[PDB]
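Chains as they are written, first to last, in full-length UniProt numbering: chain A, 521 to 545, 571 to 660; chain B, 32 to 56, 65 to 140, 144 to 175, 188 to 399, 407 to 455, 460 to 500; chain C, 136 to 140, 144 to 175, 188.
Quick notes on the structure that follows.
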Amino acid sequence: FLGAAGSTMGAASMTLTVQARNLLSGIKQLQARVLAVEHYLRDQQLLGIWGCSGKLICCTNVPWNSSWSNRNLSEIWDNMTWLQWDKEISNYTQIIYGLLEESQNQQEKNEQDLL
Amino acid sequence: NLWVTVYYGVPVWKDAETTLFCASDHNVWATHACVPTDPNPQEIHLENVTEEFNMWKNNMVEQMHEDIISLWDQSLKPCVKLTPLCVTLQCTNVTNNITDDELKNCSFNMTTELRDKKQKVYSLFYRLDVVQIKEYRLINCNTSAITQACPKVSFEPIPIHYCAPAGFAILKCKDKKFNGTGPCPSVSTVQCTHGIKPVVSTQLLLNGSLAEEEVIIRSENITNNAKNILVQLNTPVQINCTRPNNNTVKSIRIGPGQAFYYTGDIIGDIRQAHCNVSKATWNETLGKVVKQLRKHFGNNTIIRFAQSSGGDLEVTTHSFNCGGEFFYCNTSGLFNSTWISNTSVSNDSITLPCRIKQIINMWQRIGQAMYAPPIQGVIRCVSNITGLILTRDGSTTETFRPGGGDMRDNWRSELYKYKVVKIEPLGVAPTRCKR
Amino acid sequence: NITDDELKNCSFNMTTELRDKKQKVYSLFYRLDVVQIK
Ligand SMILES: *[C@@H]1O[C@H](CO)[C@@H](O[C@@H]2O[C@H](CO)[C@@H](O[C@@H]3O[C@H](CO[C@H]4O[C@H](CO)[C@@H](O)[C@H](O)[C@@H]4O)[C@@H](O)[C@H](O[C@H]4O[C@H](CO)[C@@H](O)[C@H](O)[C@@H]4O[C@H]4O[C@H](CO)[C@@H](O)[C@H](O)[C@@H]4O)[C@@H]3O)[C@H](O)[C@H]2NC(C)=O)[C@H](O)[C@H]1NC(C)=O
Ligand SMILES: *[C@@H]1O[C@H](CO)[C@@H](O[C@@H]2O[C@H](CO)[C@@H](O[C@@H]3O[C@H](CO)[C@@H](O)[C@H](O[C@H]4O[C@H](CO)[C@@H](O)[C@H](O)[C@@H]4O)[C@@H]3O)[C@H](O)[C@H]2NC(C)=O)[C@H](O)[C@H]1NC(C)=O
Ligand SMILES: *[C@@H]1O[C@H](CO)[C@@H](O[C@@H]2O[C@H](CO)[C@@H](O[C@@H]3O[C@H](CO)[C@@H](O)[C@H](O[C@H]4O[C@H](CO)[C@@H](O)[C@H](O)[C@@H]4O)[C@@H]3O)[C@H](O)[C@H]2NC(C)=O)[C@H](O)[C@H]1NC(C)=O
Ligand SMILES: *[C@@H]1O[C@H](CO)[C@@H](O[C@@H]2O[C@H](CO)[C@@H](O[C@@H]3O[C@H](CO)[C@@H](O)[C@H](O)[C@@H]3O)[C@H](O)[C@H]2NC(C)=O)[C@H](O)[C@H]1NC(C)=O
Ligand SMILES: *[C@@H]1O[C@H](CO)[C@@H](O[C@@H]2O[C@H](CO)[C@@H](O)[C@H](O)[C@H]2NC(C)=O)[C@H](O)[C@H]1NC(C)=O
Ligand SMILES: *[C@@H]1O[C@H](CO)[C@@H](O[C@@H]2O[C@H](CO)[C@@H](O)[C@H](O)[C@H]2NC(C)=O)[C@H](O)[C@H]1NC(C)=O
Ligand SMILES: *[C@@H]1O[C@H](CO)[C@@H](O[C@@H]2O[C@H](CO)[C@@H](O)[C@H](O)[C@H]2NC(C)=O)[C@H](O)[C@H]1NC(C)=O
Ligand SMILES: *[C@@H]1O[C@H](CO)[C@@H](O[C@@H]2O[C@H](CO)[C@@H](O)[C@H](O)[C@H]2NC(C)=O)[C@H](O)[C@H]1NC(C)=O
Ligand SMILES: *[C@@H]1O[C@H](CO)[C@@H](O[C@@H]2O[C@H](CO)[C@@H](O)[C@H](O)[C@H]2NC(C)=O)[C@H](O)[C@H]1NC(C)=O
Ligand SMILES: *[C@@H]1O[C@H](CO)[C@@H](O)[C@H](O)[C@H]1NC(C)=O
Ligand SMILES: *[C@@H]1O[C@H](CO)[C@@H](O)[C@H](O)[C@H]1NC(C)=O
Ligand SMILES: *[C@@H]1O[C@H](CO)[C@@H](O)[C@H](O)[C@H]1NC(C)=O
Ligand SMILES: *[C@@H]1O[C@H](CO)[C@@H](O)[C@H](O)[C@H]1NC(C)=O
Ligand SMILES: *[C@@H]1O[C@H](CO)[C@@H](O)[C@H](O)[C@H]1NC(C)=O
Ligand SMILES: *[C@@H]1O[C@H](CO)[C@@H](O)[C@H](O)[C@H]1NC(C)=O
Ligand SMILES: *[C@@H]1O[C@H](CO)[C@@H](O)[C@H](O)[C@H]1NC(C)=O
């Protein structure tokens, strides 16, 4: 299942294909397979709203605002690993979640309907 | 000129309040109602993950305490209720034509299969399961309901593997020498844990895991006295125990298809139940402990030991299961030693006096009363020594006593190596794409 | 002791904690929770 989450950065995104196929595969044990299936749903609920519909390591067109800890985004991209940088951007998640639905998904969704 | 992207990254490592299920493997009380156990060779070792545990604050201990009490009560359901016997029992001492001097030969009335017909029989009981009112009441008819256990199940610890739910992960550090908590660098993940045995006792764990190199004292606040100080043992100690009474077990039917067992008679060598401990093995243990308590209290401290204070013998002495019998054994010859000043502090076997009870109250849940069916033959069970409980009581001199009473501390003693993480696979890392 | 005139002082038998021993006590009840068959 999991592996190499510890010491790498970005090269962990090379192996983001085993991380899903093993994922999701009385009454007290039946809380499992409900919240377990509510997860993989409620993110893919909003993942279709992100624009990236399936699994593609993909880019949107919303800007990264540089107010959100602008620290050497070519340099920290490769050396300084995840679980460190995640705490740095742990504060700004909800605000991006408003920008996932307004930039591409209020304007650009109603611009292909012009034709 | 940065343009944020969306990922399915690995770092999900948050707290996991969660449920959990088992992977255990006859209709013995575990009932094999988990899953068939996979060979799970998947301790996937990870590289350099600084993660700190908290063995004192997790829900794995809290669920484990909730599971077994519910599970063991589930085995108690289809058995015979058997409360017509709470009547005016009258007894005497066991007669021996003459001698001097733990048994009571009891005159006794009871119903039969038919509703009206009575039954004047006799049986035997111990000391601590009967009370004076000569009329002798049972020990629990203040407020209880006596319940026989079914004589087919076993009270043996059959080990339980645990597995994570589909979407979480079980984490364990293979690292060494925690002080209870610790930012353990090396770590591996599993979907399924190892087998842990359903044992239950106080003042001494048994049949447990072993240490790495030495004693690992475990607590929260050593400067607090009200803690329960855990002591991990390096090298296990053989404990032989017995109930050397050739005993005859007879059977009767109390009513409409409700069987009942009772101690009929013993063949004739009245003895006392006991346990041997190798003497020179035990002194070799305690030198390791004071070697570490110098490091946590001071170089000029006097380490004393004593027995338990009082309360019930469930709190006072060593609670102990053995082979379908529930012992209670006095352990005064194990903590009669004082180690002095932390500077220059065989072929023998000390033996402890052990008592026998039949009417138990498991986990202090008052009202539930389970009966012990006495069994035929003799009793022998051998166990390692793995875990100890000490209590700092309230000069540099210091006395310790064998504490205990919460069985949660027993399961926390053998589940400190684990933690569970929730999984939220979503990463938003900017690059220069824009399109 | 005497007067004119919703309560009933009731002679009453009952079991005890032990199975055989009986218990002759008394209690009180209202009107609408008891019926003539004294
Ligand atoms: C800590 O860990 C140790 C081991 O890791 C553990 O010790 C083991 O304890 C168990 C239970 O106390 C022991 O199991 C019992 O062993 C006896 C003796 O068996 C030996 O001898 C016979 C004949 O001499 C051989 O056939 C056998 O292979 C052994 O050599 C058995 O008699 C027991 O079996 C009976 O009881 C079971 C439960 O009641 C039944 O499931 C089983 O079918 C047998 O029942 C029959 O006999 C009963 C007699 O009364 C009768 O009532 C039944 O109706 C039926 O007729 C049982 O297997 C085991 O040997 C110990 N092992 C070691 C190495 O010591 C400790 O118990 C543990 N600590 C704690 C607290 O649990
Ligand atoms: C059934 O057997 C039990 C024990 O197997 C027995 O209970 C014991 O009875 C004896 C005698 O009544 C009690 O013995 C006392 O113990 C203390 C300390 O051990 C002694 O100091 C006592 O001696 C003083 O008291 C006597 C009373 O007359 C004096 O005669 C004597 O000179 C001393 O002043 C005394 O020996 C013992 O305490 C109990 N055991 C318990 C747990 O209570 C019981 O009596 C037997 N049944 C019957 C009907 O006899
Ligand atoms: C315990 O107390 C209760 C009440 O506290 C009592 O029950 C009552 O008894 C009286 C007398 O028997 C009943 O009174 C009757 O009521 C009607 C209307 O209220 C009257 O008209 C009746 O008078 C006629 O009947 C009498 C019968 O002899 C004649 O003597 C009289 O001249 C009239 O012809 C009569 O007073 C009353 O009905 C009951 N109450 C109920 C709810 O039934 C009870 O008697 C007491 N216990 C004992 C053992 O005395
Ligand atoms: C608890 O009981 C067990 C067995 O019930 C004891 O184990 C026994 O220990 C003795 C010596 O400690 C062993 O005897 C030796 O055996 C060797 C091997 O043949 C022999 O060469 C020696 O001369 C000596 O006789 C015995 O084999 C061993 N038995 C088993 C089954 O392990 C144990 O010592 C007891 N512990 C206590 C504290 O009483
Ligand atoms: C049940 O009844 C028995 C009657 O002997 C009580 O036993 C004794 O009670 C006193 C007062 O609590 C204690 O000091 C004794 O130690 C008790 N004797 C034993 C052998 O324990 C018992 O307390 C009663 N239980 C309840 C809940 O009322
Ligand atoms: C361990 O527990 C003890 C008492 O339970 C705590 O000791 C207190 O410490 C403060 C400040 O150091 C003192 O003002 C108090 O007087 C102490 N309590 C007593 C009863 O004297 C101690 O702080 C705890 N340790 C930790 C790490 O929390
Ligand atoms: C308890 O006392 C009774 C007294 O009746 C003993 O029962 C008698 O024992 C003798 C020989 O031991 C038999 O011959 C009688 O038939 C028995 N009486 C009945 C009614 O069965 C009994 O042995 C005593 N208990 C013990 C353990 O000795
Ligand atoms: C366990 O054994 C010890 C043996 O010493 C008993 O303790 C003694 O009890 C008497 C009276 O109860 C005291 O006068 C002694 O001072 C005690 N000695 C010690 C070392 O505590 C103890 O009562 C026994 N406990 C049980 C439950 O049997
Ligand atoms: C008590 O612990 C000791 C640890 O040394 C156990 O002894 C070894 O246990 C392993 C696995 O249980 C066996 O593979 C070895 O053969 C054992 N060695 C010896 C010399 O016995 C011992 O089994 C434990 N006690 C019980 C009852 O399981
Ligand atoms: C002694 O008691 C036993 C059983 O309690 C009995 O069989 C025997 O006859 C008795 N002997 C004497 C001399 O009283
Ligand atoms: C048991 O019942 C019989 C009659 O049914 C009675 O004579 C005897 O005294 C009773 N035993 C006790 C100990 O009360
Ligand atoms: C125990 O370990 C924690 C970190 O896990 C540390 O903060 C604390 O000081 C340690 N205490 C002792 C007595 O070593
Ligand atoms: C107990 O005594 C009976 C005889 O009453 C005998 O058959 C049996 O073998 C004895 N028990 C043992 C363990 O030897
Ligand atoms: C245990 O042995 C040491 C020396 O090996 C000795 O000094 C000590 O007194 C012994 N323990 C007791 C309780 O006597
Ligand atoms: C009246 O009744 C009360 C209680 O019913 C009793 O204590 C008292 O003695 C009685 N008085 C007379 C004069 O009968
Ligand atoms: C209650 O029981 C006693 C004897 O047990 C009896 O004499 C009395 O009449 C009973 N009371 C009633 C109201 O029947």
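We put the beta carbon where it would ideally sit given N, CA and C, even for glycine.
Annotation for residue 279(B): 453, 454, 455 place their beta carbon closer than 7 Å to its own, counting only its chain and skipping 5 residues before and after.
Spanning the alpha carbons of residue 435(B) and residue 104(B) requires a straight line of approximately 28 Å. Per the C-alpha coordinates, the member of 160(C), 138(C), 150(C), 175(C) positioned closest to residue 167(C) is 150(C). Taking C-alpha positions only, residue 592(A) is separated from residue 580(A) by approximately 18 Å.
Collapsing the DSSP output to three states places residue 532(A) in a helix. With 6 Å as the limit between CB and the heavy atoms of ligand 11, the residues that fall short of it are 127(B), 129(B), 149(B), 151(B), 160(B), 162(B). At a Cβ-Cβ threshold of 9 Å, residue 386(B) and residue 361(B) count as neighbours. Counting of Cβ neighbours within 10 angstroms places residue 164(C) among the exposed residues, the total staying below 16. Within chain A, no C-beta atom comes nearer than 8 Å to that of residue 166(B); the closest sits roughly 41 Å away.
Distance from the CA of residue 154(B) to the CA of residue 310(B), rounded to the nearest whole angstrom, comes to 8 Å. For ligand 8, a non-hydrogen atom lies closer than 8 Å to the CB of residue 361(B). Every residue whose beta carbon comes nearer than 7 Å to a heavy atom of ligand 5 appears here in chain order: 173(B), 196(B), 197(B). Around the CB of residue 93(B), fewer than 16 other CB atoms lie within 10 Å, so the residue is classed as exposed. With a threshold of 9 Å between beta carbons, residue 159(C) makes contact with chain B.
Distance from the CA of residue 499(B) to the CA of residue 81(B), rounded to the nearest whole angstrom, comes to 40 Å. Per the DSSP secondary-structure output, residue 604(A) pairs in a beta bridge with 36(B). Contact annotation: residue 483(B) and residue 224(B) have beta-carbon atoms nearer than 9 Å.
Taking residue 392(B) as the centre and dropping the five residues before and after it, the same chain places the C-beta of 358 closer than 6 Å to its C-beta, in chain order. The Cβ atoms of residue 226(B) and residue 241(B) lie closer than 9 Å to each other. In chain order, the residues positioned with their C-beta nearer than 7 Å to some heavy atom of ligand 9 are 261(B), 264(B), 290(B), 443(B), 444(B), 445(B).
Here residue 334(B) has 407 as same chain residues with Cβ atoms under 6 Å from its own Cβ, once five neighbours each way along the sequence are excluded. In this structure, residue 220(B) has its beta carbon at no less than 8 Å from each heavy atom of ligand 6. Put simply, the CB of residue 52(B) is near chain A, with a gap under 9 Å to one of its CB atoms. As a beta-bridge residue in DSSP terms, residue 236(B) pairs with 92(B). The continuous stretches of alpha helix (DSSP H) do not include residue 423(B), and DSSP gives it neither H nor E.
According to the DSSP assignment, residue 368(B) belongs to the alpha helix (DSSP H) that extends over 367-370. A distance below 7 Å between beta-carbons, with the five flanking residues on each side excluded, links residue 114(B) to the following residues of its chain, in chain order: 68, 207.
Under the three-state reduction of DSSP output, residue 537(A) falls in the coil class, being neither helix nor strand. For residue 598(A), no CB of chain B lies under 9 Å from its own CB, so it is not counted at the interface with that chain. Taking 9 Å as the CB threshold, residue 422(B) stays off the interface with chain C.
The alpha-carbon of residue 157(C) is positioned some 33 Å away from that of residue 299(B).
In the DSSP assignment, residue 151(B) falls within the beta strand (DSSP E) that extends over 146-153. One Cα belongs to residue 523(A), the other to residue 650(A), and the distance between them is close to 34 Å. Close partners of residue 38(B) in chain A (Cβ separation under 8 Å): 533, 536, 602. Contacts with chain C at 9 Å (Cβ-Cβ) do not include residue 415(B). In this structure, residue 332(B) has its CB closer than 8 Å to one or more heavy atoms of ligand 4.
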